[PDB]
Amino acid sequence: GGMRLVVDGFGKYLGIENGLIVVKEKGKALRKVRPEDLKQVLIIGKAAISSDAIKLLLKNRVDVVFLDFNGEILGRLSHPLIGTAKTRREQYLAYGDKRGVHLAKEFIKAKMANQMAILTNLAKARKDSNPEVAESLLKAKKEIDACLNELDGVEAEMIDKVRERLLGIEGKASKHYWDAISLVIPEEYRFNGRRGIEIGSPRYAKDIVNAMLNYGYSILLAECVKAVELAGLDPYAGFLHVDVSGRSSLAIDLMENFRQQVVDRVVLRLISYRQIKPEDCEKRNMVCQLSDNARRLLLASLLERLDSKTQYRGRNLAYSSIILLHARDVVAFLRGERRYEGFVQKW
Amino acid sequence: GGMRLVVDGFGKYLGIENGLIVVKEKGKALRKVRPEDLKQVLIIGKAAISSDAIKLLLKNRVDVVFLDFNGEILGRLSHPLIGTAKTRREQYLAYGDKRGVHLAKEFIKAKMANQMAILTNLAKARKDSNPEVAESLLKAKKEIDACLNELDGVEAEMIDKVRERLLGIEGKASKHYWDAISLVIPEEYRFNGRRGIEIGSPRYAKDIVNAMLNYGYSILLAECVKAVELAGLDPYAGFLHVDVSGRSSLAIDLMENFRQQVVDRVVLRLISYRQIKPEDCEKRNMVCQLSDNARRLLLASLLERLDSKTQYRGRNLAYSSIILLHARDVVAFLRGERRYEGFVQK
């Protein structure tokens with residue numbers, strides 16, 4: 001790809017016209033675009049889509065994602081993949097041997113490394129203006145690095161034996177990370193730490209920062225599912241984050257590489273310029289739903305971030321390309337062609 | 001086990017209002033259904049659906065299917081399933097051993113048996129009124145049974161070794177069957193033989209019977225894809241009908257069980273009463289395309305037949321339930337819990 005078309009709001013519907021994908025309202029064209037130009041389309045909320053539109057999109061291998069205001073992935077349509085059986089054989093086989101343990105370890109290590117990167121830059125920005133917070137941040141980074149060195153020593157024949165201990169080490173490191181991030185968040189935002197984390201319970205956000213994080217993590221999760229299936233991998237045969245919850249566990253495992261660089265930094269940026277204020281919260285039950293403006297801003301920021309270029313292995317490429325590439329690297333490791341390594345960046 | 005809501009045509013769209021699924025046009029409500037009564041919604045052609053309608057439908061475990069005017073499946077949305085990795089693993093492993101051969105043989109056996117069953121009914125109807133056509137039908141039935149008897153003796157360690165032999169025997173049998181069927185169809189329909197099915201590169205219809213067959217086989221393939229997906233199987237990893245076209249090979253394999261009983265009998269009934277006619281052809285592109293009326297009639301007849309009950313395995317079951325039951329039977333066979341058997345009621 002390719003452009004990501006977004007369709008949201010009452011009365012808006014996607015349909016085809018003269019071979020072009022077209023956003024319409026009240027029978028009048030609003031937007032027109034070549035199917036070849038598209039990478040994906042997002043049908044959000046009240047917005048609707050014709051079967052002919054889905055036909056023209058799938059013919060062009062355009063991803064079609066349905067979403068609600070929470071960023072929850074209602075479902076997705078895409079051109080079918082085939083020949084996956086070999087990579088899937090190696091994938092199901094890897095679960096019983098050391099390859100899966102190495103994969104899970106690389107994923108957790110990648111997450112901790114990116115957390116340390118964000119903590120490092122946060123401390124760097126506050127070196128003079130806020131010495132105290134920078135000191136707290138750097139010490140939190142030191143503790144996370146201690147968790148990294150502890151994680152390096154873990155070894156097992158099978159992932160099932162050490163998944164608990166691994167998740168515990170990751171839980172400690174994540175605890176230090178979020179405790180460090182809380183120092184940077186302004187007092188008005190009421191950020192008391194991550195309560196939206198799905199590792200324990202699907203607890204819902206009562207604060208704007210956790211709402212933003214949950215939304216962005218959902219979008220990133222969609223991108224990771226697409227990347228995992230494009231490589232011929234089975235999304236639902238994960239190694240680390242497994243549950244009866246029904247979510248694609250392998251995509252959640254791959255996501256550990258990109259949670260910090262894609263979602264966290266965007267949220268930190270929007271919070272830093274007060275572009276998403278605490279009053280943007282909308283009370284639903286007791287949950288903090290995003291406002292429509294905050295939604296459109298956060299979504300546009302995340303999408304522009306996914307397609308933003310960065311240097312990796314000598315090339316400049318979009319983060320989404322790095323995600324597809326890492327899925328391919330997982331396939332390369334399953335076939336034994338190349339040892340897998342977690343994504344790492346400092347910026 | 002719930003209504004199938006069909007949504008089709010220009011300007012029609014599925015929305016929600018007060019917890020009800022609602023078919024609307026130009027801002028005006030046309031139809032209102034509670035999702036609990038729904039089991040499936042069909043979005044066809046120009047028809048559209050909101051993301052909220054999808055959320056309410058998925059929340060009520062209502063299947064949602066997207067289809068073009070020709071009935072080809074585009075996609076399907078459903079409640080998340082867990083956990084099927086074990087099933088897919090055994091499925092991929094079965095390709096390398098005798099289980100895949102057993103499955104392919106059972107599929108072809110069920111197909112030939114059902115073809116023989118329809119030929120038997122066709123002959124019995126004409127025993128007095130048309131003795132020569134009846135005799136020809138019985139002869140074709142005997143040729144197909146000869147093909148079945150040859151099929152029984154085929155043996156292999158894995159499907160790749162013997163797939164062409166199986167396809168050869170199936171093709172001879174199907175040729176005999178379609179010649180016999182052509183004997184029953186009135187001359188004005190111009191049905192010389194079968195063409196355009198998913199087993200190979202498509203040969204699009206130049207006559208109304210082949211058009212009806214293609215449409216119905218497409219609907220049935222959609223239902224079979226749904227059945228294969230609910231069972232935790234991978235639809236694209238088939239055993240018998242492998243393809244360069246990327247077609248859903250496993251659902252196509254499961255479909256061998258059901259094409260005659262579901263599609264053929266309906267098409268034959270519709271032809272017998274002249275409810276669909278040669279002039280119902282519409283020359284879109286270079287092919288014979290069903291008129292909107294013939295299309296709606298055929299679709300409703302197929303859904304009705306799919307939901308109609310019949311006697312099977314000691315109980316009364318809808319054919320759709322039987323298809324789901326056979327996907328589950330395939331999973332049971334992969335797990336070694338139950339040797340598989342193709343669908344043959346008569």
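Reconstructed Cβ throughout: ideal geometry from the backbone, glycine too, with neighbour counts over all protein chains shown. The values are calculated or read from the model by the stated rules, or taken from the named source; no laboratory read-out is quoted.
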Subset of the range A:194-249, residues of a type in the set (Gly, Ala, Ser) and assigned to a loop (DSSP other than H, G, I, E, B), comes to A:196, A:200, A:201, A:205, A:231, A:232, A:237, A:238, A:245, A:246, A:248
Has the range B:38-50 got at least one residue that is within 25 Å of residue A:75 (Cα to Cα), facing chain A (nearest Cβ under 9 Å), free of Cβ contacts under 8 Å to residues at least 24 places away in the same chain and crowded, with 18+ Cβ neighbours inside 10 Å?
no
Hits in the range B:62-76 (condition: facing another protein chain (nearest Cβ under 9 Å) and either buried (at least 18 other Cβ atoms within 10 Å of the Cβ) or not in a loop (DSSP other than H, G, I, E, B) (or both))
B:64, B:66, B:67, B:69, B:74, B:75, B:76
Considering only the range A:248-266, I want to know if a residue exists there that is more than 13 Å from the chain's Cα centre (by Cα) and touching a residue at least 40 places away in the same chain (Cβ under 8 Å).
no
All-but-one check, residue A:197 against (1) among the β-branched types (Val, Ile, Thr); (2) crowded, with 22+ Cβ neighbours inside 10 Å; (3) farther than 26 Å from residue B:86 by Cα, failing number (2)
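Name the one entry in A:167, A:119, A:148, A:137 that is without any contact (Cβ under 8 Å) to a residue 40 or more places away in the chain and farther than 30 Å from residue A:49 by Cα.
On the way: A:167 fails: without any contact (Cβ under 8 Å) to a residue 40 or more places away in the chain; A:119 fails: without any contact (Cβ under 8 Å) to a residue 40 or more places away in the chain; A:137 fails: without any contact (Cβ under 8 Å) to a residue 40 or more places away in the chain.
Exactly one residue qualifies, and that residue is A:148.
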Taking the range A:101-121, which residues are surrounded by fewer than 22 Cβ atoms within 10 Å (Cβ to Cβ), farther than 17 Å from residue A:255 by Cα and in contact with a helix residue (DSSP H, G or I) (Cβ under 8 Å, 6 or more places away or on another chain)?
A:120
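Can we say residue A:59 is in contact (Cβ under 8 Å) with a residue 24 or more places away in the chain, surrounded by fewer than 20 Cβ atoms within 10 Å (Cβ to Cβ) and within 12 Å of another protein chain (Cβ to nearest Cβ)? Quick ask: steps written out before the conclusion?
On the way: in contact (Cβ under 8 Å) with a residue 24 or more places away in the chain: yes; surrounded by fewer than 20 Cβ atoms within 10 Å (Cβ to Cβ): yes; within 12 Å of another protein chain (Cβ to nearest Cβ): yes.
Taking the combined requirement at face value, the residue satisfies it.
Please go through the range A:241-278 and give me each residue that is of a type in the set (A, V, I, L, M) and within 14 Å of another protein chain (Cβ to nearest Cβ), ordered by number. Don't jump to the end; show me each part of the working.
Of the residues in the range A:241-278, the ones of a type in the set (A, V, I, L, M) are A:242, A:244, A:250-252, A:254-255, A:262-263, A:266-268, A:270-271, A:276.
If the condition is that a residue be of a type in the set (A, V, I, L, M) and within 14 Å of another protein chain (Cβ to nearest Cβ), then A:242, A:244, A:250, A:251, A:252 are the ones that fit.
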Among the residues that make up the range B:7-24, is at least one of them closer than 15 Å to residue B:65 by Cα, assigned to a strand (DSSP E or B), within 26 Å of the chain's Cα centre (by Cα) and more than 12 Å from chain A (Cβ to nearest Cβ)?
no
Residues that are outside the structural domain of residue B:158 (by CATH), in contact with a helix residue (DSSP H, G or I) (Cβ under 6 Å, 6 or more places away or on another chain) and charged (D, E, K, R): does the range B:52-70 have at least one?
yes
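Within the range B:259-275, does at least one residue satisfy the condition of being in a loop (DSSP other than H, G, I, E, B) and over 22 Å from residue B:178 (Cα atoms)? Give the derivation first.
From the range B:259-275, those in a loop (DSSP other than H, G, I, E, B) are B:273-275; that's our starting set.
Checking which are over 22 Å from residue B:178 (Cα atoms) leaves us with none.
Scanning the range B:259-275, I find no residue that is in a loop (DSSP other than H, G, I, E, B) and over 22 Å from residue B:178 (Cα atoms), so the answer is no.
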Here are B:15, B:27: which of them is of a type outside the set (A, V, I, L, M, F, W, C), free of Cβ contacts under 8 Å to residues at least 24 places away in the same chain and over 23 Å from residue B:293 (Cα atoms)?
B:27
Could you go through the range A:135-150 and let me know if any residue there is surrounded by 16 or more Cβ atoms within 10 Å (Cβ to Cβ), closer than 27 Å to residue A:249 by Cβ and within 14 Å of chain B (Cβ to nearest Cβ).
no
Exactly one of (1) farther than 13 Å from residue A:261 by Cα; (2) surrounded by fewer than 18 Cβ atoms within 10 Å (Cβ to Cβ) is unmet by residue A:331. Its number?
(2)
Report the residue count in the range B:25-37 for those that are of a type outside the set (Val, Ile, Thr), surrounded by 14 or more Cβ atoms within 10 Å (Cβ to Cβ) and under 30 Å from residue A:71 (Cβ atoms).
1
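Within the range B:83-132, can you find the residues that are within 14 Å of chain A (Cβ to nearest Cβ), in a helix (DSSP H, G or I) and not charged (D, E, K, R)? Reasoning before the result, please.
At the first step, the residues of the range B:83-132 found to be within 14 Å of chain A (Cβ to nearest Cβ) are B:83-97, B:100.
Applying the additional criterion that residues be in a helix (DSSP H, G or I) yields B:85-94, B:100.
Passing the criteria: B:85, B:87, B:91, B:92, B:93, B:94, B:100.
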Based on what the data block shows, is residue A:238 crowded, with 19+ Cβ neighbours inside 10 Å, under 19 Å from residue B:88 (Cα atoms) and not hydroxyl-bearing (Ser, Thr, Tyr)?
yes
